[PDB]
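Just the one chain here, laid out as C-alpha cells, in the form deposited in one PDB entry.
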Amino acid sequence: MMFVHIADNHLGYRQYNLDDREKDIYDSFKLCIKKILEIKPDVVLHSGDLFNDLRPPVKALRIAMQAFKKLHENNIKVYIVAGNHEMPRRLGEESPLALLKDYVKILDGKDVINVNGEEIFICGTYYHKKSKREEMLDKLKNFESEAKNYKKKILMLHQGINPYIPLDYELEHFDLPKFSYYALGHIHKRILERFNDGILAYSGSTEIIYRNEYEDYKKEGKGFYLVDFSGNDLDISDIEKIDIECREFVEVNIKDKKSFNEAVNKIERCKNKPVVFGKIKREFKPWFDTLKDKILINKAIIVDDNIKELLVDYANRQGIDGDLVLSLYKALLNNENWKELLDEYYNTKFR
C-alpha cells in the first residue's frame, strides 16, 4: 500500500525563450512517469501545477495525455487537484486537465479507496485565491466532518501555508484539520516535516523553473515522493525521496583572475552541458569563448572593471546644522508654525 506524491511540473514553460529549456521540462516529466511506472505505485497524487499555462501547446497536452493514459492502463489511480495555473480565468474556456478526465480523478471533494482490504480516505480541492479563503475553510471543515470515521486520511491542496511561504500564503497553519499526510503544491521548495500528528509535504517542482532553485538542486534533488502507507500511521522513515536528473547550472561571479579557474573543472564535473549565469569581467570573455560548445548558453553579464538621515549628512557636509534643516523641513511641509520655531534658534543656539 504505497503512493506517489508529485506536483509542479509546469509543462510548457519555455525558459529564456529557448527551445532546449522547453524540452528539458518534457524530458524530466517523461522520466518521472518512467520511474513511476517502474515502481508501479497503487495511487498517484498529483497536487497541482501540471501545466504552466491555461492554454498550453499541443505538444505538452499530447505528452501529458499519453503519460496519464499509461498510468491508467497499469491500474494506477491518479488523483489531481487543479493548480493556480490551471483554474479557468474566463467564462466558457476549460482547464487543460479536462483532457485527462478519463485517466485521472480531478479532486474537488472526497473519495475512498480499497487497497488490499483497507479503506483509505482521499480528499482535495483546487487552488483557492487568498480572497476566497472563507469558502476554502468551509470546504476543509466539511472534509473534517466526513473524515472522523477513517483512521487513514490524506488531504490534497495546491495552496501556500503561512509558516512555509511568507510572501504569498493563502492559508494559515491552524486552519488545516488533522490528516495523516498533506499532499501540497504551488511552492517549488521540496518540504517534508511533521504537522498535526501527520506528515506535511511539498513535493516541489520537477525541473528548475525560477532561477532560485538550482541552489536547491545541488542540496535537495528534484523529483517526487514515494510514501509507504502500509502501517496504520505515517512517519518520516517510510517516505523515500525520488530524485530526477535536471539541467546543470554553473554560477560564476568573475571579477578576479582566480574566478576563471573555477569554471572548466566545474563545467566538466557535471552530468550534462550546463547553463552559466552571473557576472564575467569583460577582460575574461574572449579567452572564455573556447568552451562555448561544452556549455548550453551563457546568460552572463559582461562587466567593465533613508533620506531623513542623508539630508542632515549633506547639511553638515556643507557646514550647516542638519537637525535644524530637518526640523524646519518638517515645519513647513506639515504647514506648522515655522515662525514660532525660527524665533527661538536665533536667540539660544546661534553664533
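The first residue of the sequence shown is number 1, and the count goes up from there. Take the two forms, superpose them, and find the largest set of C-alpha atoms that agree within 1.5 Å; that set is the rigid core.
Annotation for 191-199 versus 75-83: the higher mean temperature factor (C-alpha) is found in 191-199. Higher mean CA temperature factor, per the PDB entry, when comparing 2-10 with 342-350: 342-350. Comparing the C-alpha B-factors of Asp228, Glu245, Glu94, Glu262 in the entry, the top value falls on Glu262.
Highest C-alpha temperature factor among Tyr103, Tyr169, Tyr127, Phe224, as the PDB entry reports it: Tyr169. Ranked against the other modelled residues of its chain, the C-alpha B-factor of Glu207 as given in the entry falls in the lowest third. In the deposited entry, the Cα temperature factor of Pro286 sits in the top third of values across the chain's modelled residues. When the modelled residues of the chain are ordered by C-alpha B-factor, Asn316 sits in the middle third. Ranked by C-alpha B-factor against the other modelled residues of its chain, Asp233 falls in the highest third.
Sorting the modelled residues of the chain by their CA temperature factor places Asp108 in the lowest third.
Another form, the form deposited in another entry, is not on view; read the next lines as being about it.
No residue in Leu326, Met65, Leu54, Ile39 other than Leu326 shows a CA shift of 2 angstroms or more between the shown form and the other one after fitting the rigid core.
In the core-superposed comparison between the shown form and the other one, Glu336 has its Cα shifted by at least 2 Å. For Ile113, a C-alpha deviation below 2 angstroms is recorded between the shown form and the other one after rigid-core alignment.
Positional change of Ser230 between the shown form and the other one stays under 2 Å at the C-alpha, relative to the superposed core.
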